[PDB]
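Take a look at the structure set out below.
We did not get these values from a lab; they are worked out from the coordinates using the rules stated. Note: ideal-geometry Cβ built from the backbone for every residue, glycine included; neighbour counts use all protein chains shown.
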Amino acid sequence: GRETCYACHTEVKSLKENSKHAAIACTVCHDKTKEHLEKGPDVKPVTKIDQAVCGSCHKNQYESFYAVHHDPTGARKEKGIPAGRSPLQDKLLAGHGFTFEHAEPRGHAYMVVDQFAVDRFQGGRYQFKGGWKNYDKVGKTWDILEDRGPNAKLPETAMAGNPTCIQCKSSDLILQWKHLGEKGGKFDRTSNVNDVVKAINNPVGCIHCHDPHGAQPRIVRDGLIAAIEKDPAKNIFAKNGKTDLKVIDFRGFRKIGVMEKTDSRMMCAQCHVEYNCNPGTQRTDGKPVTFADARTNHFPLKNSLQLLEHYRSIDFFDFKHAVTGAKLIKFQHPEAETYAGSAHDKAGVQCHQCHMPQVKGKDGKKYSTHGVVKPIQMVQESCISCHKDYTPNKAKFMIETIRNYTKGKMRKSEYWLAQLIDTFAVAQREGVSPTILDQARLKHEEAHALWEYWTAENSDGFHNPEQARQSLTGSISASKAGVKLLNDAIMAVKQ
Amino acid sequence: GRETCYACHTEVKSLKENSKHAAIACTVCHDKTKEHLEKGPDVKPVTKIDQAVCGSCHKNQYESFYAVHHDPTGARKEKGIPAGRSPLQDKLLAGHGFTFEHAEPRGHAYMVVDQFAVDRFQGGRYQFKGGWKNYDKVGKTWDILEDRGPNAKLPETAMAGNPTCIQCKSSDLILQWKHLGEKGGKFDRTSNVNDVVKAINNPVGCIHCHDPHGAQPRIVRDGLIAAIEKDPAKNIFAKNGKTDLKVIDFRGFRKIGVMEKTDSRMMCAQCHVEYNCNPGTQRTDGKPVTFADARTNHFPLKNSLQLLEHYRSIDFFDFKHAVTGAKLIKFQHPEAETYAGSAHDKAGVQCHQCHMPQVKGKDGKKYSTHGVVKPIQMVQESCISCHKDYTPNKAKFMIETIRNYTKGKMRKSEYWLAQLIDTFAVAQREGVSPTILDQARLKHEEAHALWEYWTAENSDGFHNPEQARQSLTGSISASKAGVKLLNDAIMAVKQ
Amino acid sequence: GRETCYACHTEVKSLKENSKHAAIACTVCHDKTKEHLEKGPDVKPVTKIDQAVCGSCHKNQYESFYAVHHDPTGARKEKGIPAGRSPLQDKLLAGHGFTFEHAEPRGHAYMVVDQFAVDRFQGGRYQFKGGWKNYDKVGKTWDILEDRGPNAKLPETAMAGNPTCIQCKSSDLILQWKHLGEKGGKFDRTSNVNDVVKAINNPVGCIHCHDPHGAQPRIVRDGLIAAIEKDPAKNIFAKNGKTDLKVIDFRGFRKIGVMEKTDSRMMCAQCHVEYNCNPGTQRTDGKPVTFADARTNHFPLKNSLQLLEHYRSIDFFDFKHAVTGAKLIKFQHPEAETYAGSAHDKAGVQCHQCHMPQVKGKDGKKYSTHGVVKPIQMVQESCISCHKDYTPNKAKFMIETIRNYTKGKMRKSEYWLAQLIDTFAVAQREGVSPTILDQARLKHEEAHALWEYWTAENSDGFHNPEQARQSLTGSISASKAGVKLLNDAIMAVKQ
Ligand code: HEC
Ligand code: HEC
Ligand code: HEC
Ligand code: HEC
Ligand code: HEC
Ligand code: HEC
Ligand code: HEC
Ligand code: HEC
Ligand code: HEC
Ligand code: HEC
Ligand code: HEC
Ligand code: HEC
Ligand code: HEC
Ligand SMILES: [Ca+2]
Ligand SMILES: [Ca+2]
Ligand SMILES: [Ca+2]
């Protein structure tokens, strides 16, 4: 029937004919095609967004994504603890919902459960069925979780969860979400998150990185496309004033991004970026900033050195610091804007060679693992595959040495930000001029922007050790200047 | 010629005849039996309370108890280090003798030696003979420790040691201590602790948990007996409006509580509980609770959510905080009260099944290891014995995720207690008043009770993950309210 | 024929003649001798300071010195991080150059390159050629390091570097440096540090500890030799009111001291000591002590309990604490003075017995490893080799128990110092008399000297657990007494 179909659907024809899924019948993935043909457009075929469908001919990539492993140091690692990645989180994000719960990332099959379950998502509404003994279960979101209802309370929770959230945890809304979550789809940015979640059965789909119609490498994330289109020539994935991406737009409803070849920097940047997906405040005007605003589904693709002036180049911030009152950027996982322009990036290395390395599955067949690898934990396949002369110790030595040097500056950045913050509050009480407290607000704004980036970022400098050193020394520098002048004012008050 | 004795010791007759300890001559465990008959009861037989008699017949329980293990991470682990179980100890407990030293617990054979030598015990009077190189020595207290004498001074120590303290470190005084440490025996609660220590040759006797005459499961601790006797139907060890304790009293002098079935929850709540074995202060009068008072040898047998009310009820608190003056409860190792009502306790699982798992000896009869275990360190016997589907990685994952989540809240609640103490110092200097300060001081009590319980308790929430989260979020919420009504009042002044 | 040489070089003959080296011709280690012979004394021979030559007949000492090792925890471990050796470094050293960077030690082969590349040396001017990927490279300094230039800057760096630093990283200047760096040689204390770094291709040479001429155990370190000569009956290496060491003063220009027997406390003592090698400030007048003053190249040879007196007595302190203006001593790695009169010292054990344990070559010859060892990593032959009853884990438990107890005190000293500095600052800002801030400042001095000795020393109390206890408790005491004088003096103002 395929020629019948292609009559009103030529983008699928253009993707699929002469592709590597050429021979796959429209019926392996779309149900009720007959009722579509026989009573027309009105009756849509059913497209069950499902890794198992891809799995039936790609068992390795399917079983590797779903394999359960137990890190014996456990999961749900709060960042905010003394020996954690963000030891002065509570002080430095005072005001922000990340103060309720922010844990370290774990495996991809858990991304839906984990966002819905975290204390900051929806007031603790959603919970693991059977609780802790079932924290390692993978598969279907609502086989794993229960919903204790709209009116349930859990103490020391928050209500950060929103529709745009879901776009970096599932390919489930790919046909039910119009571009940037403007209206006209099943869901949009203004939708109740508690409607949206019951539609989310799967983590990141096979379809997120790989065209089902043609097996092309690709991207579906709306905000990323918006960003690769705002800057096709000078964006972090660009080359020669051009990017290996061509947008296909359906009905003016949705868009995909076929790259002529693999750039896992782009597949991975669909979620491993800094992003605004939340309500905010305006810098100029002080007005709230709403889900009706398209800055609430937004990929800046700026690094640590650029992000402050970007969020000023859009009169956008996330939150006032509960003490200093400074208009702060909330930073999240910028692995893409970090990795950009680094040693490995420069050398043509992409996320997949370190994070999805080659393994012998089947009975003796080669593939890329789709359970993403933590490389310190797999130096032979993550590092020595390329660095042929490296011993496991040397590989580990390198990752940890860079981590050590970076974390040293991260930790000092925090010492100074804590010092600014406390110094600010002493200034206020010693009555210090409110004109100056502004000046200091800008210094906390700067010092925070060049620090929080790196706790938000997951590599402790490995992804870009020069950018991390220039950033974090930047932060230390802004805080000392900020504490200097506050301290200067607090003697002048008394002079 | 037992019936001769039985003629006169009838409670002993009842425990011993038809029992597993039927055939044992009285002489085996008592000496001087002739002068007692021949001279009369003025001349008491000697009762050398000693593991090694039990060891003659029970070698695998004796060996495993005294077996010397070295953990390569060491012990004398101070809980008030940055990466410790209680990193904010010195600040949250200020005024408390625990600020002098509080280590993590080690194995049961060290318990007298570590009680005697701790910096908080008796001004450093008692030290390991030959110093650090003998810190792993097991055996008789005074073979291991030396007495520096009463006039020895050692910097930065405390004098928390009293008689009652020994009641959770050894069986040696079982016949030298009237019920509750009331005046009557060789030692009471008013005895000089320096006379008491010379009488303690062994750690916890075999007879602590086991009747010497018939071998029936028992408790000997006068606190634990007393608590249960009080709350006979509803206490944390009950089932169906009663408790499994057959309570035998000897000469109206002392008592054992005997059980038809092994209940290790009770066997361990002889020591692993919250207690008061110390002087304190009445909440109403400000005046002393000396060792005169029965509240200085007291088991609440209540959990985190009940203890502030319990001790409020019996007009008792432990120390004013050094900054805030809050009438605080000092919390100690409430494992039995935390475990009460958890998923494992509801399964009917007891302390012993995780902490004394089935092992085999030289020949290989199956014994319960009396070298108690750290389950994370032996997940095959402690976990996988019962959870048959768990791998070691799985068992480790289940322990550490739960400790991870719980620790995240413990660290957050310590951040909020320190902020609460810090803003109180400020509110004093900012001239807010006894009324606003007495209310904030009330928020310190509550959030101290709902936190310290958990640094006191040794599971980091494994024993009761739901209780922990309820309590620690409660603590956070209380500190948050406290801080709210300080900084508010701090503006009320200068407005 | 070496007899010509000897006629004008008396003291070389006396070292070489009838030694294990005697037969080795002068031309093995000296070029331009035929030129020296003909063209007079005006043509000084070439003697290249070069481990390769010592190497040629001392294979296994050489190869072990240069052997690549990769610690899987990496290197460049900042000490001022929460989990780290000196968590409160940034607060307690506020106003000293170590706040810019201070990492744990690695291998000797790295000593010059880490000295010149550390952020606190010369404004980030020296960096690894090819960056992090070459950070494990050994051998020649200017093979591994690039000079970025005098004009270049790197943010948040310091300029602590000076020629005297090089005396504890290299032997290369043993024929180029007046005794103690006084004026006369190609390099002296007043030299531009960047001229001196050009001359240093090698770390500590074989000649640091072994006489090239007759292979006698010696020290070549000017300021140690000077320390001893000054206090020859009562210094730390003395027995019987005599040190084992004849000082040989060649041309009145350069001293060495030769050993009758191997004393590694002395040899290792050439670097593993507290020193002054930096400008500071006289206490009596507050006047600078510049490189003109011989106190800028100075070995006290005093333990934690003597240094405060010592620096008062020679009228000198390094820096003012940024907050308290306390006249603070900067401590560095006081290892041999820590070790002096410890249980191991008094038992005649030497540094080399633990740190250069016997291992054997491939050819199968036994030797002392010159890749200096971290005992916890290698207890088999740093410990068990002497303590044969010791299991691997007992050796670890022993090291780690001592470290555990000491760091418990160390962190408490740090908590109380931070309390003192936050109280000194409150106290100031509530306007307590300068006389009573002066009282506070002396306690800060005393607290400080008793605490920072142990963060700079490398063992966390293992080397001398008794001295560490008595010093750190002395610190806590000094701090608490300060905190009390400030809180009482605070209440006095507003009385
Ligand atoms: C023109 C006469 C069509 C033929 C022949 C087929 N399809 Fe179709 N399809 C068509 C329209 C005009 C629309 C949607 C627009 C509307 O408002 O009705 C569709 C929709 C689909 C979809 C769903 C997309 C979504 O929003 O979820 C699918 C998966 C689809 N069609 C598949 C399909 C197949 C497999 C066909 C051959 C058997 C086929 N279509 C025929 C128009 C026409
Ligand atoms: C959005 C749909 C994502 C895409 C595309 C990718 N990742 Fe991701 N990743 C995401 C989440 C939400 C999480 C955490 C899940 C949780 O429940 O906590 C992750 C996790 C990783 C990790 C950690 C791996 C582990 O701990 O077991 C790595 C190393 C990681 N992600 C890397 C990665 C790479 C290299 C990608 C391109 C191939 C990639 N991810 C895609 C969200 C999303
Ligand atoms: C090899 C040169 C790498 C490339 C290319 C990328 N990453 Fe990485 N990443 C690498 C290391 C050595 C580490 C340290 C942590 C570790 O496990 O060893 C990281 C860290 C991450 C993380 C944190 C989780 C983890 O894997 O431990 C994430 C989520 C991650 N990296 C993602 C990521 C993405 C999206 C990349 C392309 C932009 C990327 N990494 C590149 C090694 C390498
Ligand atoms: C060891 C295996 C024992 C044998 C055999 C017997 N007894 Fe014992 N007895 C033993 C201990 C360790 C103790 C101390 C207290 C305790 O409850 O554990 C005792 C105590 C007694 C007492 C004191 C009872 C009282 O009034 O307090 C009596 C009167 C006594 N034991 C008597 C007794 C008789 C008559 C025995 C032979 C029939 C006998 N014991 C055997 C340990 C052991
Ligand atoms: C008082 C007599 C006790 C009774 C009854 C029990 N325990 Fe205990 N325990 C006690 C002390 C004083 C210590 C610390 C000893 C020290 O010197 O530090 C402990 C320790 C434990 C530990 C930790 C063991 C380790 O090697 O670290 C566990 C796991 C433990 N105790 C468990 C336990 C159980 C399960 C009991 C009933 C079965 C029990 N204890 C009884 C004091 C006393
Ligand atoms: C309480 C903290 C205990 C102390 C002190 C000692 N034992 Fe024990 N023992 C205890 C429990 C909870 C159990 C399990 C009982 C069950 O229901 O399975 C045991 C068990 C024994 C046994 C029976 C066989 C076995 O399980 O190993 C014997 C023979 C035994 N214990 C002897 C013994 C001796 C000689 C002791 C002193 C060194 C000793 N026990 C101490 C609890 C406690
Ligand atoms: C398995 C279901 C358990 C039962 C039943 C009990 N405990 Fe436990 N305990 C358990 C874990 C997994 C841990 C954490 C630390 C570890 O070693 O894994 C603990 C911890 C303790 C400690 C701290 C010492 C330690 O082992 O690290 C003590 C002193 C302790 N537990 C006592 C205890 C008592 C008295 C119990 C019955 C009320 C009890 N535990 C039950 C696992 C389990
Ligand atoms: C049988 C003797 C058990 C031993 C020993 C341990 N566990 Fe267990 N556990 C068991 C039962 C019957 C239950 C009730 C729920 C169920 O699985 O049917 C549990 C519960 C847990 C849970 C959930 C805990 C909770 O608070 O909800 C976990 C995570 C768990 N068990 C793990 C575990 C580990 C790691 C153990 C060794 C330290 C362990 N258990 C001992 C049965 C038994
Ligand atoms: C290498 C094993 C050597 C051999 C063989 C000889 N010399 Fe040497 N010499 C050597 C070094 C590394 C140095 C630097 C100083 C030090 O003590 O380590 C020296 C120094 C001299 C000097 C200068 C001494 C002074 O005046 O301060 C002289 C005059 C000297 N050496 C002479 C000498 C002669 C005559 C030898 C053959 C009999 C001879 N040296 C052998 C290294 C080595
Ligand atoms: C012989 C050359 C030794 C080497 C190598 C090490 N130790 Fe030692 N130790 C030794 C002696 C002769 C003594 C004195 C005690 C005696 O009876 O002679 C010691 C002392 C210790 C101690 C007690 C330490 C104290 O501070 O008093 C411990 C805990 C100890 N030693 C452990 C130890 C470890 C772990 C070693 C490797 C790092 C080690 N020692 C080396 C003899 C020798
Ligand atoms: C008749 C009356 C007898 C007989 C035949 C025996 N005992 Fe005793 N015994 C008796 C009294 C009045 C007391 C004193 C109680 C007190 O002073 O508090 C005792 C004491 C003991 C004890 C001492 C308990 C303790 O250690 O303080 C023991 C262990 C004891 N008796 C044992 C014992 C045995 C083994 C007998 C048969 C050989 C025996 N008694 C006979 C009274 C009487
Ligand atoms: C008589 C005069 C002689 C003879 C026969 C030799 N030397 Fe050698 N030497 C001599 C003097 C006066 C000096 C010093 C020059 C000065 O003081 O400025 C030296 C110097 C050396 C050195 C270098 C020391 C340094 O760098 O500071 C070496 C290594 C040395 N002399 C070696 C040497 C050898 C091997 C000889 C026999 C071939 C020899 N000298 C002969 C004076 C005299
Ligand atoms: C300072 C300390 C050092 C330096 C810089 C070098 N060595 Fe080595 N050396 C040292 C000690 C304390 C010892 C042990 C001596 C003893 O136990 O009494 C040694 C030992 C040697 C030996 C003898 C063989 C052995 O015991 O291993 C040789 C041949 C030796 N040392 C040579 C040597 C070389 C060639 C060096 C430069 C690579 C070198 N040492 C450095 C102390 C020190
Ligand atoms: Ca953001
Ligand atoms: Ca208590
Ligand atoms: Ca110094």
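Where the centroid of each part is defined by its Cα atoms, how far is region B:396-473 from region A:250-323 in Å?
Distance between centres, Cα-based: 36 Å.
How far, in nm to one decimal, is C:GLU63 from itself in the other copies if the label point is set 7 angstrom along Cα toward Cβ? Shortest first, please.
Here the equivalent label points are 4.6, 4.6 nm apart from this one.
Of all trypsin sites (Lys or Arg not before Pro) in region A:340-424, which ones are in loop regions per DSSP and have a Cβ with at most 11 other Cβ atoms within 10 Å? Don't skip to the end; give the middle numbers.
On the way: sites: A:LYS346, A:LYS360, A:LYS362, A:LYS365, A:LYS366, A:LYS388, A:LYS394, A:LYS396, A:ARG403, A:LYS407, A:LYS409, A:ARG411, A:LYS412; in loops: A:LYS362, A:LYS388.
Answer in residue order: A:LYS362, A:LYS388.
Of the trypsin sites (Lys or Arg not before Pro) in region A:242-295, which ones lie in a loop per DSSP and count no more than 10 other C-beta atoms within 10 Å?
Values: sites: A:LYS242, A:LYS246, A:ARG251, A:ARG254, A:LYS255, A:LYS261, A:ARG265, A:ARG283, A:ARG295; in loops: A:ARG251, A:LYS261, A:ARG283.
Listed in order of number, the matching sites are A:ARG251, A:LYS261.
Please compute the average number of Cβ atoms from other chains found within 10 Å of each residue's Cβ in peptide C:83-92.
Values: counts 9, 7, 0, 0, 8, 2, 3, 8, 3, 0.
Other-chain Cβ atoms within 10 Å of each residue's Cβ, averaged: 4.
List the distances, in nm to one decimal, from the label point of A:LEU175 to the label points of the same position in every other copy, shortest first, placing each label point 7 Å from Cα along the Cα-to-Cβ direction.
Nearest first, the other copies' label points are 8.6, 8.6 nm away.
Compute the relative contact order of region A:290-329 as a whole-number percentage, counting only Cα pairs closer than 8 Å that sit 6 or more residues apart in sequence. Each step should come with its number before you reach the end.
Details: 22 pairs, mean separation 9.4, N = 40.
Reported relative contact order: 24 percent.
Any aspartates and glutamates with Cα under 14 Å of the C:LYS494 Cα? List them, leaving off those in the same chain fewer than 8 positions away.
Cross-link targets: B:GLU430, C:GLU430.
Measure of size requested: the Rg and Dmax of region C:227-300, with Cα atoms as the atom set and Å as the unit; please supply both.
Rg then Dmax for region C:227-300, in Å: 14.8, 45.
Structure shown: which of A:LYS242/A:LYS396; A:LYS32/A:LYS198; C:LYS77/C:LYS360 lie over 29 Å apart, alpha-carbon to alpha-carbon? It would help to have the intermediate numbers written out before the result.
On the way: A:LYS242/A:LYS396 36 Å; A:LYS32/A:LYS198 23 Å; C:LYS77/C:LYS360 31 Å.
Where the Cα-Cα span goes over 29 Å, the pairs concerned are A:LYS242/A:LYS396; C:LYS77/C:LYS360.
Compute the distribution of all C-alpha to C-alpha distances in the protein assembly as shown, in bins of 20 Å from 0, and list the percent of pairs in each, rounded to whole numbers.
Bins of 20 Å from zero give 8, 31, 34, 21, 5, 0 percent of pairs.
Summing -39500 (n - 2.57) over the DSSP H runs of n ≥ 4 in chain A and dividing by its residue number, what mean residue ellipticity at 222 nm do you reach, to the nearest 500 deg cm²/dmol? Can you show the working numbers first?
Values: 19 runs with 177 residues, N = 495.
After summing the helix terms and dividing by residue count, I get -10000 deg cm²/dmol.
First measure r as the distance between the Cβ atoms of A:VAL493 and A:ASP231, then evaluate 1/(1 + (r/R0)^6) with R0 = 51 Å and state the FRET efficiency to the nearest 0.05.
Values: r = 47 Å, r/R0 = 0.93.
Between A:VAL493 and A:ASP231 the formula returns 0.60.
Quick one: with label points 7 Å out along Cα→Cβ, list the inter-copy distances for C:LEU154 in nm, shortest first?
4.5, 4.7
Distance in nm between label sites at C:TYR367 and B:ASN192, each 7 Å beyond Cα in the beta-carbon direction?
Modelled inter-label distance: 6.4 nm.
Can you list residues from other chains, or at least 5 along the same chain, whose modelled amide H is less than 5 Å from the amide H of B:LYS320?
Here B:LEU328 satisfy the definition.
With an 8 Å Cα cut-off and a minimum separation of 6 or more residues, compute the relative contact order for chain A in percent.
Details: 797 pairs, mean separation 59.6, N = 495.
Relative contact order of chain A: 12 percent.
From the phi angles alone, apply the Karplus equation (6.51, -1.76, 1.60; θ = phi - 60°) to region A:130-141 and give each ³J(HN,Hα) in whole Hz, x where the residue is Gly or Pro.
Each residue's phi maps through the Karplus curve to give x, x, 5, 4, 9, 5, 9, 6, 10, x, 7, 3 Hz.
Can you work out the FRET efficiency for the pair B:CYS8 and B:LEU154, with r the C-beta to C-beta distance and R0 = 60 Å, to the nearest 0.05?
Numbers: r = 50 Å, r/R0 = 0.83.
Working from the Cβ atoms, E equals 0.75.
What nm value, rounded to one decimal, do you get for the distance between C:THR284 and B:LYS261 when each label is placed 7 Å out toward the C-beta?
The answer from the label model is 8.5 nm.
What does a probe at C:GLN358 reach in region C:375-389, counting residues whose amide N is under 19 Å from the point 7 Å along Cα→Cβ?
Output list for this probe position: C:375, C:378-389.
Got a sec to turn the phi values of region B:267-278 into Karplus ³J(HN,Hα) couplings, 6.51 cos²θ - 1.76 cosθ + 1.60 with θ = phi - 60°, whole Hz, x for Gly and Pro?
Using θ = phi - 60°, the values come out as 4, 9, 5, 5, 9, 5, 9, 4, 7, 10, 9, 7 Hz.
If I take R0 = 22 Å and measure r between the Cβ atoms of A:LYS140 and A:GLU63 in this structure, what FRET efficiency does the formula 1/(1 + (r/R0)^6) give, to the nearest 0.05?
Values: r = 17 Å, r/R0 = 0.76.
With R0 = 22 Å, the Cβ-Cβ based efficiency is 0.85.
Run the paramagnetic zone check for C:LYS20: 7 angstrom along Cα to Cβ, then residues of region C:217-256 with backbone nitrogen under 12 Å.
C:217-218
Pairs B:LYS246/B:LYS362; C:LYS16/C:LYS186; A:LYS320/C:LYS79; B:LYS183/B:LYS287: which exceed 29 Å Cα-Cα? Mind showing how you got there, number by number?
On the way: B:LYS246/B:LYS362 36 Å; C:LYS16/C:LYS186 27 Å; A:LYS320/C:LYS79 33 Å; B:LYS183/B:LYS287 23 Å.
Result: B:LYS246/B:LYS362; A:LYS320/C:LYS79 exceed 29 Å.
Quote the Stokes-Einstein diffusion coefficient, in whole µm² s⁻¹, for region C:1-47, based on the Kirkwood radius over alpha carbon pairs, a temperature of 4 °C and a viscosity of 1.567 mPa s.
115
Students often forget the sequence filter, so: which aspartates and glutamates lie under 12 Å Cα-Cα from A:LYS48 once same-chain residues fewer than 8 apart are removed?
A:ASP31, A:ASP172
Any idea what the dipole of the protein assembly as shown comes to, in debye rounded to 20, about its Cα centre with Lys/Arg Cβ at +1 and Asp/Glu Cβ at -1?
Numbers: 213 positive and 171 negative charges, 247 e Å.
Computed about the Cα centre, the dipole is about 1180 debye.
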